[PDB]
Structure formats: C-alpha cells, structure tokens
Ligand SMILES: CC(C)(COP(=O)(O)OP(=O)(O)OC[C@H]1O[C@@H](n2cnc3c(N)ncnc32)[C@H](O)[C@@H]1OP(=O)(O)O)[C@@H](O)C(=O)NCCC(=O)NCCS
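Only one chain is included here, represented as structure tokens and corresponding to the form deposited without coenzyme A (COA).
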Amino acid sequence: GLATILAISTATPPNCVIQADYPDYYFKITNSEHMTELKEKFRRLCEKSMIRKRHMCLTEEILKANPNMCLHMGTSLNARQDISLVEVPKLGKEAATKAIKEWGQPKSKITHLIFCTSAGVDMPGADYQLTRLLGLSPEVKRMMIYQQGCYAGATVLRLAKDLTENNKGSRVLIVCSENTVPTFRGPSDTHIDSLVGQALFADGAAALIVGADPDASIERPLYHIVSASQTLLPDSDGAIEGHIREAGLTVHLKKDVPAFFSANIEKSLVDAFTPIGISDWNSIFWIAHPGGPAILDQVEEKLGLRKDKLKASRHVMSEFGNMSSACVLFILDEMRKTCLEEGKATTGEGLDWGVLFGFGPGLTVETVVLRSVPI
C-alpha cells in the first residue's frame, strides 16, 4: 500500500526571542546602533514578517563568547560549527523520542533513518549522531540530506515514500533539525538581503515515522502520501543562493521570489491533481512552506484561495518563524491537533485531499499530494 505518516512530533530550543523586541536586541548585540536607517529597514522587515516569536539556541551569552559571529563577515565558520554540529542531532533526538512514542512501536523496529539539516555539515553526519544518541539498530539504513534548504521538508517525504513502499515492513524515522547558527550575522548596507534572513530564520526540529501497510492493532495513520513531485521554475536561476563560506552561511536574493513561486504554482497543482480529477484549489487542504510571507500572500492572491486555506501554515510561521525544512512538518502537526480539538471530520480540516509544498533554492517547488484520515 501507500506510504503513511504514522506519527509527528517537534522540538524547539528553550530560548525564544520576541519579534517586537528583536530590532533593538539585534542592533545592540551586533554593535550596530549607529546604522539608524538600516535599523529602521530591519524593524520594517521584522514587523512585515508576521512572526510573533522565534526559538534560537543562539543566546546573548553565546554571542558575547563568539564576537566574530556578530560581525557582518567575520571569520566565524569554526565557531558556528562548534555550536551547531552538537545542537542539530540533540534537538532532533528530542523530537524523535516523542514521535516514536506516538508511533507506539519499539525503536528496534525502525529500519531506515532520514536526517535533514542545512545547519552544518560534518563527517560522519547528524544521521550517525542521532543513530548513536537514540540507540537505533546499527544496521539502520541511513540517508543524510544536507544543505537542501527550505524545500527539504517535502523532499524527505518524497524520499520516505520510495524507501517504505519498496521494502515490506520497513519503518522510516525522519528527522529535520534546523537553526540560525550558520546564518546569524551583523548587518550591512551592502548585504540588505541578509537582513531578510535575520528577521525570518529560526530553530526547530520535527520527527516523523513513515511506513506502508500499517498494523491497525498498534499503529494509527495520520496522512497518506499519494504522490511527490519536484520541479525547477523557468528563468528563476540565481533567485535564491546560499553559500557556505569562512563567514558561515551567507544568503543572496537576486530576483522577485514571491512573483516566481506565485506565477508557477498552478502548474504544479494541475500536474498533481489532474490525475485525481480535482481542479478547485479551495477544495483541498494546504500545507505550504511559510518562511517567505510574501510567497504565501501572492500564491493566495493568484489562485483565489480563501483566507483560511493557509491558516495552519501562517500560524506556524507566527509562533515559530522560518525553521526551514521543519516548517511543513510543524504545520502537519498543528493541523491534525487543531482538527482534533475543533471536532473536524478529518486530519485535513475535514477535507479528503491535500497538498504540501516545499519552496527553496533553484528555484525549486516540491509538491506532495496527501490524503487525510478520519477523526
């Protein structure tokens, strides 16, 4: 049968930054209060973000201890790696233990592990660290998805679908764990596009169990993964780039990203849903990577979505910020919980069919067709 999501959980670092207070904090800790016009631009970005709070393992204490991270382009990759490479699997384990609990099986039944992060590469990778931290079988079949950015929450579902459907009895643990350690940096009027990241990026981890052929005596499906596609957008090359450099991960925006995603998203919908016979985009539930707020606004306008279609996606953005690959997985967690609390008929806001979108560098759109389960 089809790959099925059997459990979801999440974790965030305990320190959280209130967005209303962030322009003042960020310009203070980076010693940039003299850049008054830049501070005003950053305040506007923070207020436009529709983020209320973000969780960050980067604290004032840590930044004071790593002052090269507070420069715009300080030589700082080593300092960033030293923090992030430990944090990434630690936060991932926090989510994974809880997903395993919901799943209801012993962890010795996990046959496959997908780990996903853009927060720092190491050899061996975070997949190895998580395997040892959790005490998974040494024979777990691992896939380490590094540096794929904000569409990778859909990528891991696409990968998990083929792994679990091609291997009878297989059960995949998926962990996505992201943080701002590689990207945090001081401001510069050269690199205004970096301020976008400073206003949006946040920390979080999400874990899932995916498997085909559920054991109804123990396992409880949440969503079915029907199809998974990936495409590059025409003429979009260079719109979003992220470079791993001596100063950490630097972000570069060169084209109108929301215009590209909104102009092309209907093609992905038609390709995904024509085989199903669906053409009304308000008749399906939506999980859309929300880390670019203007992207969601323009998708909504272009397609004529009702204002509530993206409610769960915008709620996660409001409460957590742009956690990169983890966002869409937080959104699935939020949707099923809200549907249960509100007495909706399915885990997809009472609807049967749904779409999950990852958006990221390429420009790339990942399109996952889901089906809900009854509540």
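Numbers for residues come from their place in the sequence shown, where the first is 1.
Below, we turn to the form solved in complex with coenzyme A (COA), even though it does not appear here.
Engineer: Would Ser49 count as a contact of coenzyme A (COA) in the bound PDB entry, using a 4.5 angstroms cut-off between non-hydrogen atoms?
Structural biologist: Output for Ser49 is yes: heavy atoms within 4.5 Å of coenzyme A (COA).
Engineer: Check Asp193 for me: does it contact coenzyme A (COA) in the bound PDB entry (non-hydrogen atoms, 4.5 angstroms)?
Structural biologist: So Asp193 counts as contacting coenzyme A (COA).
Engineer: Is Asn322 near coenzyme A (COA)? Define near as a heavy atom within 4.5 Å, in the bound PDB entry.
Structural biologist: Yes, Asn322 is a contact residue.
Engineer: Is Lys41 close to coenzyme A (COA) in the bound PDB entry, meaning a heavy atom pair under 4.5 Å apart or at it?
Structural biologist: Contact check for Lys41: yes, within 4.5 Å of coenzyme A (COA) in the bound PDB entry.
Engineer: In the bound PDB entry, do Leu45, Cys150 and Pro258 all put a heavy atom within 4.5 Å of coenzyme A (COA)?
Structural biologist: Affirmative, all three are within 4.5 Å.
Engineer: Picking from 284 to 292, 228 to 236, 95 to 103, 206 to 214, which part of the chain touches coenzyme A (COA) in the bound PDB entry when contact means heavy atoms within 4.5 Å?
Structural biologist: Contact criterion met by 284 to 292 only.
Engineer: Only one of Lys109, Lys254, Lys302, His72 comes within 4.5 Å of coenzyme A (COA) in the bound PDB entry by heavy atoms, so just point that one out.
Structural biologist: Residue within 4.5 Å of the partner: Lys254.
Engineer: Among the candidate residues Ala272, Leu85, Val140, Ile240, which is the single one with a non-hydrogen atom no more than 4.5 Å from coenzyme A (COA) in the bound PDB entry?
Structural biologist: Selected residue: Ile240.
Engineer: So which bits of 196 to 230 sit within 4.5 Å of coenzyme A (COA) in the bound PDB entry, heavy atoms only?
Structural biologist: Those in contact are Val196, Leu200, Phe201.
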